[PDB]
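Heads up: the structure comes next, in structure tokens.
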Amino acid sequence: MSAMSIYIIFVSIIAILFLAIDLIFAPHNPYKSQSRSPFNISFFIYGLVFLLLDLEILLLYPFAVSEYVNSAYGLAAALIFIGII
Amino acid sequence: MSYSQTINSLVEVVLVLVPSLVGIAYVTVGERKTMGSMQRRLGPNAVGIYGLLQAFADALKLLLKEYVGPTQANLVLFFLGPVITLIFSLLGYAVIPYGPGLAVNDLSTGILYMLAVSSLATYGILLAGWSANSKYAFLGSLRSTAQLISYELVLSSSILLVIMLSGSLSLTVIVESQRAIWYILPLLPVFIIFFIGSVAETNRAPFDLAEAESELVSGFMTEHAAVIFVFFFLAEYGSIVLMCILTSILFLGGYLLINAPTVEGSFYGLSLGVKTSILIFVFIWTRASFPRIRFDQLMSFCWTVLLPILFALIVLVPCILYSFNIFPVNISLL
Amino acid sequence: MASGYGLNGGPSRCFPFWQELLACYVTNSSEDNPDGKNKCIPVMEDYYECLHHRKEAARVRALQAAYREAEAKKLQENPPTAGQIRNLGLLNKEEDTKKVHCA
Amino acid sequence: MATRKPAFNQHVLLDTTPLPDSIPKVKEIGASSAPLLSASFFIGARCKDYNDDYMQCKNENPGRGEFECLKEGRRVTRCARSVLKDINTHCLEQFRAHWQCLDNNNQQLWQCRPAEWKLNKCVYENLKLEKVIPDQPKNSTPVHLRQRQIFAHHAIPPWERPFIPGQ
Amino acid sequence: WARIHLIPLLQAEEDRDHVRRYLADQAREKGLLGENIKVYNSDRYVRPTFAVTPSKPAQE
Amino acid sequence: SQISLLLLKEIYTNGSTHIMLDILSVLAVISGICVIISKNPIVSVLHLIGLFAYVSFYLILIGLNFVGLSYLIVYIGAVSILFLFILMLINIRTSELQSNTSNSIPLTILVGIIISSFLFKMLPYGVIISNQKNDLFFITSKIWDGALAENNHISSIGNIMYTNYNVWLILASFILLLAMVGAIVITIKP
Amino acid sequence: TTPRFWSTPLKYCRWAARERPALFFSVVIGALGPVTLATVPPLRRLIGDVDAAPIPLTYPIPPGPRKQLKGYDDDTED
Amino acid sequence: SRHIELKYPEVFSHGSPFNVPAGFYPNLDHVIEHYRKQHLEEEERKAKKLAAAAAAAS
Amino acid sequence: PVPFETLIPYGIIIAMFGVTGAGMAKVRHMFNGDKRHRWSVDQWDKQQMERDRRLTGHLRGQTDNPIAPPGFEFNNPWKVXXXXX
Amino acid sequence: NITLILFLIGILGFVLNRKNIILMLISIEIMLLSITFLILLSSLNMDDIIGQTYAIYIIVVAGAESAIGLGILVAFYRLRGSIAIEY
Amino acid sequence: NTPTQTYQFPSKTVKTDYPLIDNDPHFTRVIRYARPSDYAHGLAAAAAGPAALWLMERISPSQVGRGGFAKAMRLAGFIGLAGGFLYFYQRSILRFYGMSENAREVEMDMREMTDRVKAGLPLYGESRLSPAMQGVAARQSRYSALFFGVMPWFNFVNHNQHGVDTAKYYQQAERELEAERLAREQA
């Protein structure tokens with residue numbers, strides 16, 4: 001059994017124990033139209049520029065683990081790619 | 001091998017996960033005591049000897065407190081966000097090397113694993129604010145999600161500069177490659193930007209609108225009771241410790257120092273701990289020292305200051321590496 | 001596949017079959033003899049075999065049947081155990097090596 | 001079998017059928033990775049021609065190099081075996097020191113320089129086989145002959161010196 | 001360069017195993033099906049993708 | 001004679017269990033079905049993220065670690081976060097979005113049989129050899145000249161994507177540039 | 001009040017260094033990439049800082065015909 | 001035309017130069033020779049058209 | 001003066017890292033047969049360890065012998081799998 | 001095989017949906033993931049890194065087109081105030 | 001000094017009028033073989049851009065604000081300079097391709113390369129790139145100037161894949177090495 005599989009199971013188990021304690025031993029009582037408004041476009045921009053810039057960083061990660069074979073020629077294309085973005 | 005594989009994996013997981021949670025518990029006790037000494041006060045000194053049981057009192061109190069969920073929107077969805085945040089906040093510890101290869105998973109793609117699990121943790125915050133069925137708290141959780149993704153870009157841009165130096169995503173190889181020099185010296189601006197990004201990534205002050213109650217519209221985390229508070233708080237301290245460990249790994253030489261297997265391992269663990277603890281102290285030090293930045297200013301800081309510098313450094317650094325014939329080899333070495 | 005760049009940084013495993021097929025076409029097809037591309041037909045079938053393995057799969061399905069039909073007819077008085085095989089070719093386990101080899 | 005990296009293997013398949021008698025026999029090399037690695041440059045020094053010839057034979061017969069290069073494969077096994085026989089009869093203590101250090105140090109050659117320098121000297125003075133690395137930068141000392149190692153976990157003592165033949 | 005010096009002695013040992021096991025699967029085929037099924041029209045050696053395996057694993 | 005072929009369990013260096021691909025496959029389909037029958041669109045996107053994770057987890061377990069983690073970072077980490085932000089800001093009445101799915105069920109059956117029967121015939125053996133007594137086992141062995149200096153999949157991609165295939169990278173860059181300029185031009189007050 | 005670049009280029013540069021430091025010095029650092037790509041490698045040649053040869057990433061097959069070796073034949077076994 | 005002519009004959013030079021097994025790449029000498037012939041004829045066909053016509057003829 | 005009580009949690013945090021480091025180093029070393037473990041294991045390294053096991057039985061076993069024992073030519077493991085190719 | 005079933009799920013999204021235009025955007029994402037998963041598995045069978053490269057550019061382009069589509073939806077919703085088709 | 005392989009790689013043969021000199025000449029070779037007319041055509045085409053924008057402002061005024069036209073001219077002047085330079089490069093490189101009359105260029109190439117043979121230097125020079133990466137550069141910029149209306153590319157690598165059988169350069173060098181030998185003896 002891989003140490004990574006047991007790790008995932010244990011972390012999940014911890015989360016269930018915390019839920020179980022507060023579900024079993026904590027008290028519980030029955031203690032429990034809507035207007036609308038326009039939303040701010042800045043939220044769409046933050047997500048949009050994050051996503052598009054997140055993709056470009058992802059595309060540069062192969063270069064950082066391939067710099068030796070890429071050498072000067074691969075660096076040119078990386079610099080061309082960086083300049084465009 | 002010598003004994004059972006399952007036994008080894010049990011013990012290795014228990015050795016990393018259990019002492020980690022002990023350390024996360026005492027980072028909260030240390031935060032209160034460090035800010036207190038800075039505030040001419042004591043901090044927790046009565047719950048247990050020297051206040052050493054304070055975090056255990058807090059956790060048990062909250063775990064036995066009653067939870068007040070929303071107006072029956074959904075049982076599963078309400079807990080779904082908190083569960084995701086805690087699990088993926090803790091999953092990143094599995095690639096931390098406490099010595100060369102001394103990790104739960106000695107992964108060659110380890111840096112990308114850490115980035116992925118952090119991206120999956122932002123879901124819980126966003127899925128919580130929506131599930132609360134309060135349009136006021138949703139906007140705060142929305143602003144907190146915008147800050148987390150924006151500064152995720154700052155961290156992965158900084159990390160890309162470190163990978164260019166070491167030529168590898170293995171956390172072990174990054175650390176071994178610092179026997180030449182700790183990357184904080186050649187990449188000093190990157191280390192400062194990365195540390196600032198790690199504070200913002202953790203919703204920590206001066207970037208702490210998520211828990212700010214004095215700001216009129218802020219304080220999304222402030223409506224979390226009982227078990228849900230424990231989930232979110234543990235996830236946050238767990239991420240603070242992991243962002244300090246990763247900062248030491250990338251820039252402070254990881255487990256490196258300044259014959260028996262037990263003592264070599266202890267010294268490597270201690271050196272990583274000392275470096276991590278110092279950054280935890282600085283982390284507490286900045287919360288006590290600064291006022292809070294407005295949401296519009298913190299987004300402008302990320303997108304008009306930190307990122308333009310980082311993308312400029314992304315051009316310069318490989319040009320320096322090529323110009324000095326120092327593009328590293330990418331094969332398994334170190 | 002035909003690219004010539006494999007998963008481990010080396011070349012792709014079907015690339016030699018792809019180079020041969022292109023080699024057969026370029027040197028046996030032309031404008032003068034459009035029927036010269038017929039020779040490249042067995043080479044094409046080898047390339048598709050490398051990619052997909054439908055012939056080799058078919059051959060082993062048949063051979064496993066005969067193999068697993070011969071073992072039922074025979075009676076294994078004392079087949080080697082997993083522990084002994086693990087001792088095959090080792091520095092101090094000649095008896096296990098001899099037993100597994102039926103020597 | 002294929003050179004693909006497995007991801008779901010749960011079993012090992014062995015075949016006890018030997019080689020046909022028409023093929024001359026050969027004793028396989030019985031040395032583990034760490035001893036082979038401490039003796040690699042020594043094997044390279046003596047058997048480079050046969051190693052090159054074997055590889056060139058395979059390149060001359062694409063798709064057929066396993067077969068019809070067997071006789072050249074057998075030479076490469078015998079020459080390497082001669083170097084591990086000669087080392088074990090003349091440098092055994094120094095040989096065991098270097099490969100035991102290598103096995104304890106992630107098989108990283110730069111972690112065992114004192115043990116390497118001791119073996120390099122002994123081998124050269126009995127077998128006339130010398131370690132050589134092509135194309136090292138002429139403006140620096142060869143990395144394996146450097147008194148200090150940057151990536152070494154323990155610092156090389158100052159009383160343990162590199163072996164430069166002719167001194 | 002250390003690995004380069006070791007490659008031919010390790011490759012030649014793997015080459016004899018492939019030759020050994022390929023001839024054995026040939027002899028088994030002829031003694032079971034009566035003739036050798038041709039997978040490739042080429043005469044080159046192709047490393048197997050499938051292998052005939054016993055219906056059961058080792059007992060222990 | 002004797003038993004020429006020896007099959008025995010591997011003890012260490014074992015390898016992952018092929019059972020776990022089947023749970024990941026079924027969990028992807030269930031999550032897939034939950035996407036298009038979900039009442040609320042936000043719940044539909046939450047099931048979409050689960051579908052992304054199961055595919056990503058599947059790719060990781062077969063050894064496609066870089067692309068599998070790329071899915072987690074890119075699709076779940078940024079595309080899905082953008083979808084939920086917009087969906088959770090817009091006014092949605094779930095009642096206005098419910099079609100009578102029973103009216104679409106006969107067409108659903110006909111489409112499923114027709115399309116599946118055509119594309120399945122097009123799948124190469126690699127994708128159909130081990131799905132739906134005599135079973136075929138895959139055999140693997142070592143090479144030494146090929147294993148001199150292994151590249152990880154990310155390295156192998158890096159060796160060619162800036163040099164041999166850099167026209168694709170340029171094309172993608174201009175597509176990313178168009179997306180940033182376009183999405184901005186149509187949303188924000190100038 | 002802010003200077004214009006195309007009329008007075010140097011005055012604009014001083015203002016940008018002082019009033020938009022993050023934007024100005026990103027352009028300066030970004031332009032240092034190409035500058036070191038033009039200066040240092042010529043500089044390094046003059047001083048004698050030579051580039052290291054590439055390390056082998058494949059078996060280095062010897063160029064030329066085979067050498068026709070005579071040694072370690074089958075009769076040499078045992 | 002039934003015979004396909006490669007727009008990119010240089011695809012015969014593709015292939016990873018890393019981790020190359022001995023005897024992996026097939027021999028392409030005949031392929032190289034094919035394109036030496038095609039290049040030499042074309043160069044010779046231009047060599048005669050301008051030497052015979054537009055020169056020594058006008 | 002120095003507020004030592006404030007520094008005690010840091011000592012606990014530092015000591016927890018040491019416990020993990022020492023513990024992980026010890027159990028891994030016992031698993032490897034009382035020798036230091038491997039790291040940055042690539043395909044060549046894994047193959048050399050499998051070749052070490054078919055000489056000694058142990059994936060970390062070492063032998064300087066120039067002559068392989070009988071049955072070495074027969075114990076090269078061909079790994080079998082059912083699905084992922 | 002799983003990749004084929006996923007393509008049907010994306011196909012079936014257009015069959016069953018008369019009024020949810022957001023589901024139309026999601027069903028394209030399902031189709032594109034199904035086709036990329038098929039390329040990835042085939043690239044593993046044929047030991048070809050170009051398949052992984054092709055899949056990376058599909059992720060880049062499909063991520064790029066998701067952003068354009070959401071931006072177009074935002075410009076649409078700014079004027080209408082609804083993403084519901086009256087049917 | 002003949003390597004017995006004067007045609008190392010499979011090149012693409014294209015039907016043109018004039019002999020092929022170089023499928024991928026070096027940037028500096030394309031600047032040094034430029035004719036005075038190529039420069040004349042280069043600036044004249046470069047001047048056309050801003051001149052057309054200027055003429056489009058004189059006949060049909062844009063009604064732009066105070067500084068708008070200067071900004072537009074700056075972009076037009078750069079567009080014309082980029083467009084004009086690519087036109088200049090195409091005119092010189094088309095003679096290497098054999099797609100334009102190139103008798104003068106054929107002569108000086110035959111001269112220039114022959115001098116290198118007898119001096120011992122490589123025909124196309126020495127490269128810091130691996131031989132595999134030289135193939136990548138050769139297969140990227142080969143005939144690339146025919147695509148200049150869409151995407152620009154220039155050869156800055158020193159590789160040995162120029163599309164031409166190199167026997168012609170060695171025959172001349174050998175042939176006039178003996179002429180200088182006989183002349184030296186007769187002295």
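Going through the structure tokens in order, the chains are called A, B, and so on, while each chain numbers its residues from 1 and the ligands are numbered from 1 in the order shown.
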May I have a table of the residues of chain A lying at most 6 Å from chain B, giving each one's closest pair of atoms and their distance in Å to one decimal, counting only C-alpha atoms, ordered by chain and ascending residue number, as a Markdown table?
| residue | atom | partner | partner_atom | distance |
| --- | --- | --- | --- | --- |
| A:1 | CA | B:6 | CA | 5.0 |
| A:3 | CA | B:9 | CA | 4.3 |
| A:7 | CA | B:13 | CA | 5.7 |
| A:22 | CA | B:63 | CA | 5.2 |
| A:26 | CA | B:64 | CA | 4.4 |
| A:27 | CA | B:66 | CA | 5.0 |
| A:28 | CA | B:66 | CA | 6.0 |
| A:32 | CA | B:71 | CA | 5.6 |
| A:64 | CA | B:164 | CA | 4.7 |
| A:65 | CA | B:167 | CA | 4.7 |
| A:67 | CA | B:327 | CA | 5.9 |
| A:68 | CA | B:327 | CA | 5.4 |
Sorted by chain and rising residue number, which residues of chain G lie within 10 Å of chain K, and what are their closest atom pairs and distances in Å to one decimal, counting only C-alpha atoms, as a Markdown table?
| residue | atom | partner | partner_atom | distance |
| --- | --- | --- | --- | --- |
| G:6 | CA | K:71 | CA | 9.3 |
| G:51 | CA | K:128 | CA | 8.8 |
| G:53 | CA | K:128 | CA | 9.3 |
| G:54 | CA | K:130 | CA | 7.8 |
Export of prior selection with C-alpha atoms as an mmCIF file, in the first residue's frame:
data_model
loop_
_atom_site.group_PDB
_atom_site.id
_atom_site.type_symbol
_atom_site.label_atom_id
_atom_site.label_comp_id
_atom_site.auth_asym_id
_atom_site.auth_seq_id
_atom_site.Cartn_x
_atom_site.Cartn_y
_atom_site.Cartn_z
ATOM 1 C CA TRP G 6 7.984 61.515 -27.764
ATOM 2 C CA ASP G 51 31.417 27.007 -23.208
ATOM 3 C CA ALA G 53 30.612 20.758 -24.479
ATOM 4 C CA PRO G 54 27.176 19.116 -24.255
#
Pull the closest atom pair for each residue of segment 56-168 of chain F that gets at most 7 Å from segment 8-18 of chain J, along with the distance in Å to one decimal, counting only C-alpha atoms, ordering rows by chain and then ascending residue number, as CSV.
residue,atom,partner,partner_atom,distance
F:99,CA,J:18,CA,5.7
F:101,CA,J:16,CA,5.7
F:104,CA,J:16,CA,5.4
F:108,CA,J:15,CA,6.5
F:112,CA,J:8,CA,6.6
Could you list, as number ranges by chain, every residue within 10 Å of residue 84 of chain J, counting only C-alpha atoms and ignoring same-chain residues fewer than 5 positions away? F: 91-98; J: 18-22
Output as a VMD selection string the set of chain F residues within 12 Å of chain I, with distances taken over only C-alpha atoms. chain F and resid 4 to 22 58 to 59 61 to 64 125 to 131 135 to 152
Using only C-alpha atoms, find each residue of chain K with at least one atom at most 9 Å away from an atom of chain H; report its shortest atom-to-atom pair and that distance in Å (one decimal), sort the rows by chain and rising residue number, and return the result as JSON lines.
{"residue": "K:7", "atom": "CA", "partner": "H:36", "partner_atom": "CA", "distance": 6.5}
{"residue": "K:8", "atom": "CA", "partner": "H:32", "partner_atom": "CA", "distance": 7.3}
{"residue": "K:9", "atom": "CA", "partner": "H:32", "partner_atom": "CA", "distance": 6.2}
{"residue": "K:10", "atom": "CA", "partner": "H:32", "partner_atom": "CA", "distance": 5.3}
{"residue": "K:11", "atom": "CA", "partner": "H:10", "partner_atom": "CA", "distance": 6.1}
{"residue": "K:12", "atom": "CA", "partner": "H:9", "partner_atom": "CA", "distance": 5.9}
{"residue": "K:13", "atom": "CA", "partner": "H:39", "partner_atom": "CA", "distance": 5.8}
{"residue": "K:14", "atom": "CA", "partner": "H:42", "partner_atom": "CA", "distance": 8.4}
{"residue": "K:15", "atom": "CA", "partner": "H:42", "partner_atom": "CA", "distance": 7.4}
{"residue": "K:16", "atom": "CA", "partner": "H:46", "partner_atom": "CA", "distance": 8.3}
{"residue": "K:17", "atom": "CA", "partner": "H:46", "partner_atom": "CA", "distance": 6.6}
{"residue": "K:18", "atom": "CA", "partner": "H:46", "partner_atom": "CA", "distance": 6.3}
{"residue": "K:19", "atom": "CA", "partner": "H:43", "partner_atom": "CA", "distance": 6.0}
{"residue": "K:20", "atom": "CA", "partner": "H:43", "partner_atom": "CA", "distance": 7.3}
{"residue": "K:132", "atom": "CA", "partner": "H:17", "partner_atom": "CA", "distance": 6.5}
{"residue": "K:135", "atom": "CA", "partner": "H:13", "partner_atom": "CA", "distance": 7.4}
{"residue": "K:136", "atom": "CA", "partner": "H:14", "partner_atom": "CA", "distance": 8.6}
{"residue": "K:139", "atom": "CA", "partner": "H:10", "partner_atom": "CA", "distance": 6.9}
{"residue": "K:163", "atom": "CA", "partner": "H:39", "partner_atom": "CA", "distance": 8.4}
{"residue": "K:164", "atom": "CA", "partner": "H:39", "partner_atom": "CA", "distance": 7.7}
{"residue": "K:165", "atom": "CA", "partner": "H:36", "partner_atom": "CA", "distance": 7.4}
Produce a file of the selected residues containing C-alpha atoms, as an mmCIF file, in the first residue's frame.
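Below is the file result_19.cif, written as the result:
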data_model
loop_
_atom_site.group_PDB
_atom_site.id
_atom_site.type_symbol
_atom_site.label_atom_id
_atom_site.label_comp_id
_atom_site.auth_asym_id
_atom_site.auth_seq_id
_atom_site.Cartn_x
_atom_site.Cartn_y
_atom_site.Cartn_z
ATOM 1 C CA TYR K 7 24.555 15.821 -50.056
ATOM 2 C CA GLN K 8 23.881 14.799 -46.453
ATOM 3 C CA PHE K 9 20.095 15.344 -46.034
ATOM 4 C CA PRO K 10 16.951 14.895 -48.149
ATOM 5 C CA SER K 11 16.053 18.374 -49.368
ATOM 6 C CA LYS K 12 12.925 19.613 -51.114
ATOM 7 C CA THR K 13 13.407 20.245 -54.835
ATOM 8 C CA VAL K 14 11.325 23.158 -56.117
ATOM 9 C CA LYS K 15 10.855 24.026 -59.807
ATOM 10 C CA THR K 16 12.244 27.526 -60.401
ATOM 11 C CA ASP K 17 14.026 29.303 -63.258
ATOM 12 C CA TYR K 18 17.513 29.940 -61.904
ATOM 13 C CA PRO K 19 19.973 27.633 -60.084
ATOM 14 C CA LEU K 20 19.500 27.153 -56.352
ATOM 15 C CA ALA K 132 20.062 17.693 -33.928
ATOM 16 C CA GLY K 135 18.443 20.131 -38.217
ATOM 17 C CA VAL K 136 15.534 21.823 -36.381
ATOM 18 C CA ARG K 139 13.838 22.650 -41.184
ATOM 19 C CA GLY K 163 19.723 22.177 -49.986
ATOM 20 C CA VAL K 164 22.682 22.040 -52.387
ATOM 21 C CA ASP K 165 25.111 19.295 -53.350
#
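Of note, atom CA of residue 156 of chain K and atom CA of residue 26 of chain K are spaced 6.0 Å apart.
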Find the residues around segment 129-139 of chain D up to 12 Å (only C-alpha atoms counted), leave out those fewer than 5 positions away in its own chain, and share them as a PyMOL selection string. (chain D and resi 38-48+83+86-87+116-117+119-124+144-145+163-166) or (chain E and resi 1-2+4-5) or (chain G and resi 47-56+60)
With only C-alpha atoms as the counted atoms, please give the residues lying no more than 12 Å from residue 77 of chain A, apart from itself and same-chain residues fewer than 4 positions off, as a PyMOL selection string. (chain A and resi 59-60+63+67+70-73+81-84) or (chain B and resi 315) or (chain F and resi 158+160-170+173) or (chain K and resi 137+140+153)
Give me, as a PDB file with C-alpha atoms, in the first residue's frame, the contact residues of chain J against chain F at a cut-off of 8 Å, counting only C-alpha atoms.
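Here's the written file out.pdb:
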ATOM      1  CA  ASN J   1     -14.356   3.259 -24.180  1.00  0.00           C
ATOM      2  CA  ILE J   2     -15.017   5.609 -21.271  1.00  0.00           C
ATOM      3  CA  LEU J   4     -16.801   7.395 -25.994  1.00  0.00           C
ATOM      4  CA  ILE J   5     -19.421   7.290 -23.218  1.00  0.00           C
ATOM      5  CA  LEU J   6     -18.376  10.787 -22.146  1.00  0.00           C
ATOM      6  CA  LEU J   8     -22.415  10.741 -25.562  1.00  0.00           C
ATOM      7  CA  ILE J   9     -23.014  12.562 -22.276  1.00  0.00           C
ATOM      8  CA  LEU J  12     -27.027  14.021 -24.750  1.00  0.00           C
ATOM      9  CA  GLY J  13     -26.726  17.445 -23.127  1.00  0.00           C
ATOM     10  CA  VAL J  15     -30.821  16.463 -26.772  1.00  0.00           C
ATOM     11  CA  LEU J  16     -32.363  16.824 -23.324  1.00  0.00           C
ATOM     12  CA  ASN J  17     -31.984  20.601 -22.940  1.00  0.00           C
ATOM     13  CA  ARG J  18     -34.526  23.021 -24.403  1.00  0.00           C
ATOM     14  CA  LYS J  19     -34.044  26.046 -22.143  1.00  0.00           C
ATOM     15  CA  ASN J  20     -30.662  25.900 -20.292  1.00  0.00           C
ATOM     16  CA  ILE J  22     -25.557  27.439 -19.725  1.00  0.00           C
ATOM     17  CA  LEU J  23     -25.830  23.668 -20.105  1.00  0.00           C
ATOM     18  CA  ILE J  26     -21.019  22.886 -20.283  1.00  0.00           C
ATOM     19  CA  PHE J  37      -8.936  11.951 -22.998  1.00  0.00           C
ATOM     20  CA  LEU J  38      -9.153   9.732 -26.151  1.00  0.00           C
ATOM     21  CA  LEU J  41      -4.873   7.229 -23.947  1.00  0.00           C
ATOM     22  CA  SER J  42      -4.024   6.593 -27.644  1.00  0.00           C
ATOM     23  CA  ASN J  45      -0.622   3.135 -26.523  1.00  0.00           C
ATOM     24  CA  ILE J  49       4.693  12.592 -26.890  1.00  0.00           C
ATOM     25  CA  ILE J  50       3.008  14.502 -29.741  1.00  0.00           C
ATOM     26  CA  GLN J  52       0.327  14.816 -25.113  1.00  0.00           C
ATOM     27  CA  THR J  53       1.391  18.031 -26.857  1.00  0.00           C
ATOM     28  CA  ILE J  56      -2.039  20.486 -24.030  1.00  0.00           C
ATOM     29  CA  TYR J  57      -2.960  22.829 -26.882  1.00  0.00           C
ATOM     30  CA  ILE J  59      -6.629  22.471 -22.998  1.00  0.00           C
ATOM     31  CA  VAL J  60      -5.120  25.891 -23.801  1.00  0.00           C
ATOM     32  CA  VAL J  61      -7.555  26.602 -26.633  1.00  0.00           C
ATOM     33  CA  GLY J  63      -9.713  27.304 -21.825  1.00  0.00           C
ATOM     34  CA  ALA J  64      -9.319  30.325 -24.098  1.00  0.00           C
ATOM     35  CA  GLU J  65     -12.698  29.736 -25.740  1.00  0.00           C
ATOM     36  CA  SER J  66     -14.442  29.234 -22.399  1.00  0.00           C
ATOM     37  CA  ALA J  67     -13.359  32.757 -21.441  1.00  0.00           C
ATOM     38  CA  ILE J  68     -14.613  34.224 -24.732  1.00  0.00           C
ATOM     39  CA  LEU J  70     -18.395  33.638 -20.785  1.00  0.00           C
ATOM     40  CA  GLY J  71     -17.534  37.175 -21.882  1.00  0.00           C
ATOM     41  CA  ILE J  72     -20.073  36.939 -24.700  1.00  0.00           C
ATOM     42  CA  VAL J  74     -21.855  38.568 -19.888  1.00  0.00           C
ATOM     43  CA  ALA J  75     -22.414  41.099 -22.674  1.00  0.00           C
ATOM     44  CA  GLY J  81     -31.021  40.128 -17.325  1.00  0.00           C
ATOM     45  CA  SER J  82     -31.734  36.452 -17.960  1.00  0.00           C
ATOM     46  CA  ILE J  83     -30.066  33.364 -19.408  1.00  0.00           C
ATOM     47  CA  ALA J  84     -33.419  31.569 -19.749  1.00  0.00           C
ATOM     48  CA  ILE J  85     -35.044  30.795 -23.091  1.00  0.00           C
ATOM     49  CA  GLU J  86     -38.773  31.412 -23.042  1.00  0.00           C
TER      50      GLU J  86
END
Shell of 10 Å around residue 39 of chain K, only C-alpha atoms, local chain residues under 2 positions omitted, as an NGL selection string: :K and (31 or 34-37 or 41-45 or 84-85 or 87-89 or 91-92)
Residue with smallest distance to chain A - pool I:28, I:36, I:61, I:70, counting only C-alpha atoms: I:28
Output as a PyMOL selection string all residues of chain I that backbone DSSP marks as strand (DSSP E or B). chain I and resi 67+78-81
Set the distance at 12 Å and use only C-alpha atoms: which residues neighbour segment 64-76 of chain G once local chain neighbours fewer than 3 positions away are removed? I'd like the list as a PyMOL selection string. (chain D and resi 23-27+46-60+70-82) or (chain G and resi 61)
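Here the residues within segment 22-65 of chain I that DSSP labels helix (DSSP H, G or I) on the basis of the backbone are residues 22, 23, 24, 25, 26, 27, 28, 29, 30, 31, 43, 44, 45, 46, 47, 48, 49, 50, 51, 52, 53, 54, 55 and 56 of chain I.
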So that each row is one residue of chain H with an atom at most 12 Å from chain E, can you give its shortest atom pair and the distance in Å to one decimal, using only C-alpha atoms, rows by chain and rising number, as a Markdown table?
| residue | atom | partner | partner_atom | distance |
| --- | --- | --- | --- | --- |
| H:19 | CA | E:4 | CA | 11.1 |
| H:21 | CA | E:11 | CA | 9.6 |
| H:22 | CA | E:11 | CA | 9.4 |
| H:23 | CA | E:44 | CA | 10.5 |
| H:24 | CA | E:44 | CA | 10.6 |
| H:26 | CA | E:44 | CA | 10.6 |
Would you put the residues from that selection into a file with N, CA and C atoms, as a tab-separated table (two decimals), in the first residue's frame?
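Okay, result25.tsv is ready:
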chain	number	residue	atom	x	y	z
H	19	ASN	N	18.52	8.98	-26.01
H	19	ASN	CA	18.09	7.65	-25.60
H	19	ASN	C	17.81	6.75	-26.80
H	21	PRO	N	18.19	3.61	-28.95
H	21	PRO	CA	18.70	2.23	-28.89
H	21	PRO	C	19.57	1.91	-30.09
H	22	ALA	N	20.59	1.09	-29.87
H	22	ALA	CA	21.43	0.63	-30.96
H	22	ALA	C	20.60	-0.16	-31.96
H	23	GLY	N	20.74	0.17	-33.24
H	23	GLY	CA	19.97	-0.46	-34.28
H	23	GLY	C	18.53	0.00	-34.38
H	24	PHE	N	18.18	1.13	-33.78
H	24	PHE	CA	16.80	1.58	-33.82
H	24	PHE	C	16.43	2.16	-35.18
H	26	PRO	N	16.18	2.89	-38.98
H	26	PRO	CA	16.49	2.16	-40.21
H	26	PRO	C	17.44	2.94	-41.10
With the cut-off set at 12 Å and counting only C-alpha atoms, tabulate each residue of chain D with an atom at most that distance from an atom of chain J, showing the nearest atom pair and its distance in Å to one decimal, ordered by chain and increasing number, as JSON lines.
{"residue": "D:2", "atom": "CA", "partner": "J:47", "partner_atom": "CA", "distance": 10.8}
{"residue": "D:3", "atom": "CA", "partner": "J:47", "partner_atom": "CA", "distance": 9.8}
{"residue": "D:4", "atom": "CA", "partner": "J:47", "partner_atom": "CA", "distance": 7.8}
{"residue": "D:5", "atom": "CA", "partner": "J:47", "partner_atom": "CA", "distance": 10.2}
{"residue": "D:6", "atom": "CA", "partner": "J:44", "partner_atom": "CA", "distance": 11.2}
{"residue": "D:7", "atom": "CA", "partner": "J:44", "partner_atom": "CA", "distance": 11.6}
Generate the output file for the selected residues, C-alpha atoms, as an mmCIF file, in the first residue's frame.
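Now in selection_17.cif:
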data_model
loop_
_atom_site.group_PDB
_atom_site.id
_atom_site.type_symbol
_atom_site.label_atom_id
_atom_site.label_comp_id
_atom_site.auth_asym_id
_atom_site.auth_seq_id
_atom_site.Cartn_x
_atom_site.Cartn_y
_atom_site.Cartn_z
ATOM 1 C CA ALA D 2 7.858 -3.966 -24.518
ATOM 2 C CA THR D 3 10.032 -1.127 -23.221
ATOM 3 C CA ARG D 4 6.905 0.672 -21.884
ATOM 4 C CA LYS D 5 6.983 1.741 -18.214
ATOM 5 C CA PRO D 6 4.373 -0.474 -16.406
ATOM 6 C CA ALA D 7 1.780 1.052 -14.110
#
